[PDB]
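As structure tokens, the structure follows; a few thoughts come after it.
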Amino acid sequence: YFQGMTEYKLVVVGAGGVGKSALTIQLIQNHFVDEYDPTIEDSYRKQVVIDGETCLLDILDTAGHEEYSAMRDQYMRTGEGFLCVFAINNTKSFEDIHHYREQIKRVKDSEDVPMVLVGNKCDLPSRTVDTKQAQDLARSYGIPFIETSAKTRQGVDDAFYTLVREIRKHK
Ligand SMILES: Nc1nc2c(ncn2[C@@H]2O[C@H](COP(=O)(O)OP(=O)(O)NP(=O)(O)O)[C@@H](O)[C@H]2O)c(=O)[nH]1
Ligand SMILES: COc1cccc(-c2ccc(Nc3ccc(C[NH+](C)C)cc3)c(OC)c2F)c1
Ligand SMILES: [Mg+2]
């Protein structure tokens, strides 16, 4: 019996400065943050309609700048889907994607975890990671790829809605 809308727990991960907070704030508040305020841990919530189902997104915005924590491994255990964010103007953040995915596969103890690869800052000219390289990486993991800009709002909704669609396929 129906007790309230379905709830989805999403975690946004990736290197420091790629725009994990900017994406989330752009989703919740329709606001671009220009200042860079390093995050330890922040939680958000938004109601949306995706494919005709109303649902509640519980979103955890993580830190990039983290050494081993057991607080960290706890939220990777509870979270049902992951946005893996890199910045298209920072090749190191792209190479770090592999580390985030391994860390997740290890704690969930599973090959098949709902994920979306997100290449942020596609508004900047400084592109050092090619769209094709990222699509290939995503195809090799069997997951979707979305190019976003927290500044222009391109792909922001799509990134979160796509993740929810992946979580739905998984069950
Ligand atoms: N041009 C442009 N700048 C962006 C974009 N996304 C974020 N930024 C900028 O990049 C900086 C870092 O954004 P922020 O959201 O703090 O990154 P983060 O991944 O949350 N950082 P942290 O991991 O330390 O919490 C900020 O100045 C922000 O304005 C984007 O899509 N385009
Ligand atoms: C521990 O791991 C995760 C992984 C992914 C998501 C959440 C999560 C993230 C957010 C909320 N809930 C929440 C979010 C924002 C507020 C803000 N407040 C001012 C209304 C309150 C509750 C939540 O509650 C059940 C959450 F569970 C937790
Ligand atoms: Mg952040």
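Residues in the structure tokens are named by chain (A, B, ... in the order shown) and by number from 1 within that chain; ligands are numbered from 1 in the order shown.
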
For the contact check between segment 42-116 of chain A and segment 136-160 of chain A, emit one row per residue of segment 42-116 of chain A within 12 Å, containing the shortest atom pair and the distance in Å rounded to one decimal, counting only C-alpha atoms, chain then rising number order, as a Markdown table.
```
| residue | atom | partner | partner_atom | distance |
| --- | --- | --- | --- | --- |
| A:46 | CA | A:160 | CA | 10.8 |
| A:47 | CA | A:160 | CA | 11.7 |
| A:48 | CA | A:157 | CA | 9.8 |
| A:49 | CA | A:157 | CA | 11.1 |
| A:50 | CA | A:160 | CA | 10.0 |
| A:55 | CA | A:160 | CA | 12.0 |
| A:56 | CA | A:160 | CA | 11.6 |
| A:57 | CA | A:160 | CA | 8.8 |
| A:58 | CA | A:160 | CA | 11.0 |
| A:59 | CA | A:160 | CA | 9.6 |
| A:81 | CA | A:160 | CA | 9.8 |
| A:82 | CA | A:160 | CA | 9.4 |
| A:83 | CA | A:159 | CA | 7.7 |
| A:84 | CA | A:145 | CA | 9.7 |
| A:85 | CA | A:148 | CA | 9.6 |
| A:86 | CA | A:147 | CA | 9.9 |
| A:87 | CA | A:148 | CA | 9.3 |
| A:88 | CA | A:147 | CA | 8.7 |
| A:89 | CA | A:149 | CA | 11.9 |
| A:94 | CA | A:137 | CA | 9.8 |
| A:95 | CA | A:137 | CA | 10.3 |
| A:97 | CA | A:137 | CA | 9.6 |
| A:98 | CA | A:137 | CA | 9.3 |
| A:101 | CA | A:141 | CA | 9.3 |
| A:102 | CA | A:141 | CA | 11.1 |
| A:105 | CA | A:141 | CA | 11.5 |
| A:111 | CA | A:141 | CA | 9.5 |
| A:112 | CA | A:142 | CA | 8.8 |
| A:113 | CA | A:143 | CA | 9.4 |
| A:114 | CA | A:143 | CA | 7.8 |
| A:115 | CA | A:143 | CA | 6.3 |
| A:116 | CA | A:144 | CA | 5.3 |
```

Please report as JSON lines every residue of chain A lying within 9 Å of ligand 2, along with the nearest atom pair and their distance in Å (one decimal), using only C-alpha atoms and all ligand atoms.
```
{"residue": "A:7", "atom": "CA", "partner": "ligand 2", "partner_atom_place_in_ligand_line": "25 (C)", "distance": 8.3}
{"residue": "A:8", "atom": "CA", "partner": "ligand 2", "partner_atom_place_in_ligand_line": "6 (C)", "distance": 7.6}
{"residue": "A:9", "atom": "CA", "partner": "ligand 2", "partner_atom_place_in_ligand_line": "5 (C)", "distance": 4.1}
{"residue": "A:10", "atom": "CA", "partner": "ligand 2", "partner_atom_place_in_ligand_line": "5 (C)", "distance": 4.7}
{"residue": "A:11", "atom": "CA", "partner": "ligand 2", "partner_atom_place_in_ligand_line": "5 (C)", "distance": 5.0}
{"residue": "A:12", "atom": "CA", "partner": "ligand 2", "partner_atom_place_in_ligand_line": "5 (C)", "distance": 8.5}
{"residue": "A:42", "atom": "CA", "partner": "ligand 2", "partner_atom_place_in_ligand_line": "15 (C)", "distance": 8.0}
{"residue": "A:43", "atom": "CA", "partner": "ligand 2", "partner_atom_place_in_ligand_line": "10 (C)", "distance": 4.6}
{"residue": "A:44", "atom": "CA", "partner": "ligand 2", "partner_atom_place_in_ligand_line": "15 (C)", "distance": 3.8}
{"residue": "A:45", "atom": "CA", "partner": "ligand 2", "partner_atom_place_in_ligand_line": "14 (C)", "distance": 4.6}
{"residue": "A:46", "atom": "CA", "partner": "ligand 2", "partner_atom_place_in_ligand_line": "14 (C)", "distance": 8.4}
{"residue": "A:57", "atom": "CA", "partner": "ligand 2", "partner_atom_place_in_ligand_line": "10 (C)", "distance": 7.8}
{"residue": "A:58", "atom": "CA", "partner": "ligand 2", "partner_atom_place_in_ligand_line": "9 (C)", "distance": 4.1}
{"residue": "A:59", "atom": "CA", "partner": "ligand 2", "partner_atom_place_in_ligand_line": "9 (C)", "distance": 4.5}
{"residue": "A:60", "atom": "CA", "partner": "ligand 2", "partner_atom_place_in_ligand_line": "6 (C)", "distance": 4.7}
{"residue": "A:61", "atom": "CA", "partner": "ligand 2", "partner_atom_place_in_ligand_line": "5 (C)", "distance": 8.4}
{"residue": "A:71", "atom": "CA", "partner": "ligand 2", "partner_atom_place_in_ligand_line": "1 (C)", "distance": 8.7}
{"residue": "A:72", "atom": "CA", "partner": "ligand 2", "partner_atom_place_in_ligand_line": "1 (C)", "distance": 8.7}
{"residue": "A:74", "atom": "CA", "partner": "ligand 2", "partner_atom_place_in_ligand_line": "1 (C)", "distance": 6.3}
{"residue": "A:75", "atom": "CA", "partner": "ligand 2", "partner_atom_place_in_ligand_line": "2 (O)", "distance": 3.5}
{"residue": "A:76", "atom": "CA", "partner": "ligand 2", "partner_atom_place_in_ligand_line": "2 (O)", "distance": 6.4}
{"residue": "A:77", "atom": "CA", "partner": "ligand 2", "partner_atom_place_in_ligand_line": "2 (O)", "distance": 7.1}
{"residue": "A:78", "atom": "CA", "partner": "ligand 2", "partner_atom_place_in_ligand_line": "2 (O)", "distance": 4.7}
{"residue": "A:79", "atom": "CA", "partner": "ligand 2", "partner_atom_place_in_ligand_line": "4 (C)", "distance": 3.9}
{"residue": "A:80", "atom": "CA", "partner": "ligand 2", "partner_atom_place_in_ligand_line": "5 (C)", "distance": 7.1}
{"residue": "A:81", "atom": "CA", "partner": "ligand 2", "partner_atom_place_in_ligand_line": "5 (C)", "distance": 8.0}
{"residue": "A:82", "atom": "CA", "partner": "ligand 2", "partner_atom_place_in_ligand_line": "5 (C)", "distance": 8.8}
```

Can I get the residues close to ligand 3 as a list in words, where close means within 10 Å and we count only C-alpha atoms and all ligand atoms?
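My answer, listing the contacting residues, is residues 12, 13, 14, 15, 16, 17, 18, 19, 20, 21, 22, 23, 24, 25, 36, 37, 38, 39, 40, 41, 42, 60, 61, 62, 63, 64 and 65 of chain A.
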
Could the residues in this selection be saved with N, CA, C and O atoms as a short mmCIF file (atom, residue, chain, number, x, y, z; two decimals), in the first residue's frame?
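The resulting part00.cif:
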```cif
data_model
loop_
_atom_site.label_atom_id
_atom_site.label_comp_id
_atom_site.auth_asym_id
_atom_site.auth_seq_id
_atom_site.Cartn_x
_atom_site.Cartn_y
_atom_site.Cartn_z
N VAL A 12 26.99 12.14 -4.98
CA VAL A 12 27.78 12.81 -6.00
C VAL A 12 29.24 12.75 -5.56
O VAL A 12 29.61 13.27 -4.52
N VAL A 13 30.08 12.13 -6.38
CA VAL A 13 31.50 11.94 -6.06
C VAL A 13 32.38 12.44 -7.18
O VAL A 13 31.95 12.64 -8.29
N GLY A 14 33.63 12.65 -6.87
CA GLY A 14 34.64 13.07 -7.81
C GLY A 14 35.62 14.04 -7.20
O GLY A 14 35.40 14.53 -6.12
N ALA A 15 36.69 14.32 -7.91
CA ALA A 15 37.81 15.11 -7.38
C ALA A 15 37.39 16.49 -6.90
O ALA A 15 36.36 17.04 -7.33
N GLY A 16 38.21 17.06 -6.04
CA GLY A 16 37.99 18.41 -5.57
C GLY A 16 37.93 19.37 -6.74
O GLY A 16 38.75 19.29 -7.65
N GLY A 17 36.92 20.25 -6.73
CA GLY A 17 36.82 21.34 -7.67
C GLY A 17 36.14 21.03 -8.99
O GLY A 17 36.03 21.94 -9.84
N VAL A 18 35.66 19.81 -9.19
CA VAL A 18 35.03 19.52 -10.47
C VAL A 18 33.63 20.10 -10.63
O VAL A 18 33.09 20.14 -11.72
N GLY A 19 33.02 20.53 -9.53
CA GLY A 19 31.70 21.15 -9.54
C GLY A 19 30.58 20.25 -9.05
O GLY A 19 29.44 20.40 -9.45
N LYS A 20 30.88 19.35 -8.15
CA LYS A 20 29.86 18.54 -7.49
C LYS A 20 28.84 19.40 -6.75
O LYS A 20 27.64 19.17 -6.88
N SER A 21 29.30 20.40 -6.01
CA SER A 21 28.36 21.28 -5.29
C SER A 21 27.61 22.19 -6.27
O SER A 21 26.42 22.37 -6.14
N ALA A 22 28.31 22.73 -7.26
CA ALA A 22 27.66 23.58 -8.24
C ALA A 22 26.54 22.86 -8.97
O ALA A 22 25.49 23.42 -9.19
N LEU A 23 26.73 21.61 -9.33
CA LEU A 23 25.66 20.84 -9.99
C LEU A 23 24.46 20.66 -9.09
O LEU A 23 23.35 20.90 -9.49
N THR A 24 24.70 20.25 -7.86
CA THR A 24 23.63 20.04 -6.91
C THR A 24 22.88 21.33 -6.62
O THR A 24 21.69 21.33 -6.65
N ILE A 25 23.58 22.42 -6.36
CA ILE A 25 22.94 23.71 -6.09
C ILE A 25 22.15 24.19 -7.32
O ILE A 25 21.08 24.79 -7.21
N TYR A 36 34.25 29.32 -4.70
CA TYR A 36 34.68 27.94 -4.47
C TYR A 36 34.77 27.70 -2.94
O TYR A 36 35.78 28.03 -2.35
N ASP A 37 33.71 27.10 -2.35
CA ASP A 37 33.65 26.75 -0.91
C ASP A 37 33.79 25.24 -0.69
O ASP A 37 32.80 24.54 -0.77
N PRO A 38 35.02 24.74 -0.41
CA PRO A 38 35.23 23.28 -0.27
C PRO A 38 34.24 22.60 0.72
O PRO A 38 34.01 23.08 1.82
N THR A 39 33.68 21.49 0.29
CA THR A 39 32.64 20.78 0.99
C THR A 39 33.25 19.69 1.84
O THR A 39 34.19 19.03 1.41
N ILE A 40 32.73 19.49 3.05
CA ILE A 40 33.04 18.28 3.81
C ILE A 40 31.92 17.27 3.52
O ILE A 40 32.17 16.18 3.04
N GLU A 41 30.69 17.65 3.81
CA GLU A 41 29.51 16.81 3.57
C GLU A 41 28.22 17.63 3.72
O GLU A 41 28.04 18.31 4.72
N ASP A 42 27.37 17.59 2.70
CA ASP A 42 26.12 18.33 2.67
C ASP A 42 25.01 17.46 2.09
O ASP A 42 25.25 16.69 1.16
N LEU A 60 23.43 13.29 -1.54
CA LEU A 60 24.59 13.57 -0.70
C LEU A 60 25.74 14.10 -1.50
O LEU A 60 26.24 13.42 -2.39
N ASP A 61 26.16 15.31 -1.18
CA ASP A 61 27.24 15.99 -1.90
C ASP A 61 28.52 15.77 -1.09
O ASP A 61 28.62 16.20 0.05
N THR A 62 29.49 15.06 -1.65
CA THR A 62 30.70 14.65 -0.91
C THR A 62 31.87 15.63 -1.06
O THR A 62 31.79 16.64 -1.77
N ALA A 63 32.95 15.34 -0.36
CA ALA A 63 34.20 16.03 -0.54
C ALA A 63 35.08 15.31 -1.55
O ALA A 63 35.07 14.07 -1.63
N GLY A 64 35.83 16.08 -2.34
CA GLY A 64 36.89 15.47 -3.11
C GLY A 64 38.10 15.23 -2.27
O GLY A 64 38.66 14.16 -2.31
N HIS A 65 38.47 16.26 -1.49
CA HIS A 65 39.65 16.26 -0.62
C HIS A 65 39.62 15.27 0.59
O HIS A 65 39.88 15.70 1.72
#
```

Atom CA of residue 161 of chain A sits from atom CA of residue 34 of chain A at a separation of 24.3 Å

Proximity to residue 127 of chain A - best of A:103, A:90, A:69, A:6, only C-alpha atoms:
A:90

Measuring between only C-alpha atoms and all ligand atoms, which one of A:51, A:123, A:96, A:109 shows the shortest distance to ligand 1?
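Nearest candidate to ligand 1 out of A:51, A:123, A:96, A:109: A:123.
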
Which of segment 15-127 of chain A DSSP labels strand (DSSP E), written as an mmCIF file with C-alpha atoms, in the first residue's frame:
```cif
data_model
loop_
_atom_site.group_PDB
_atom_site.id
_atom_site.type_symbol
_atom_site.label_atom_id
_atom_site.label_comp_id
_atom_site.auth_asym_id
_atom_site.auth_seq_id
_atom_site.Cartn_x
_atom_site.Cartn_y
_atom_site.Cartn_z
ATOM 1 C CA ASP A 42 26.121 18.333 2.667
ATOM 2 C CA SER A 43 22.673 16.804 2.097
ATOM 3 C CA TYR A 44 19.854 18.001 -0.095
ATOM 4 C CA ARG A 45 16.425 16.930 -1.188
ATOM 5 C CA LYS A 46 14.226 17.581 -4.176
ATOM 6 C CA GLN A 47 10.885 16.313 -5.505
ATOM 7 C CA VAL A 48 10.666 15.661 -9.224
ATOM 8 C CA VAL A 49 8.591 13.749 -11.735
ATOM 9 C CA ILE A 50 10.559 11.322 -13.891
ATOM 10 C CA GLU A 53 6.562 8.712 -11.321
ATOM 11 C CA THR A 54 6.822 11.314 -8.619
ATOM 12 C CA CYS A 55 9.848 10.833 -6.486
ATOM 13 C CA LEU A 56 12.033 12.342 -3.862
ATOM 14 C CA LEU A 57 15.784 12.624 -4.496
ATOM 15 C CA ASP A 58 17.933 12.481 -1.344
ATOM 16 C CA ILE A 59 21.277 13.772 -2.492
ATOM 17 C CA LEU A 60 24.588 13.572 -0.698
ATOM 18 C CA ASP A 61 27.238 15.993 -1.899
ATOM 19 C CA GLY A 81 23.281 5.414 -7.209
ATOM 20 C CA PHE A 82 26.355 7.498 -7.938
ATOM 21 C CA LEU A 83 27.136 10.507 -10.084
ATOM 22 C CA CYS A 84 30.830 10.290 -10.916
ATOM 23 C CA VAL A 85 31.897 13.790 -11.817
ATOM 24 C CA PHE A 86 35.048 14.974 -13.542
ATOM 25 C CA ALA A 87 35.810 18.304 -15.179
ATOM 26 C CA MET A 115 26.192 5.059 -12.024
ATOM 27 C CA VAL A 116 26.391 7.917 -14.397
ATOM 28 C CA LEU A 117 29.576 9.518 -15.683
ATOM 29 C CA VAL A 118 29.350 13.303 -15.706
ATOM 30 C CA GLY A 119 31.764 15.596 -17.507
ATOM 31 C CA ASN A 120 31.263 19.029 -16.028
#
```

As a PyMOL selection string, please: every residue in segment 19-165 of chain A that DSSP puts in alpha helix (DSSP H).
chain A and resi 20-29+70-78+91-95+97-108+131-141+156-165

So how far away is atom CA of residue 33 of chain A from atom 4 (C, counted along the ligand's line) of ligand 1, in Å?
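Computing it gives 8.0 Å between the two atoms.
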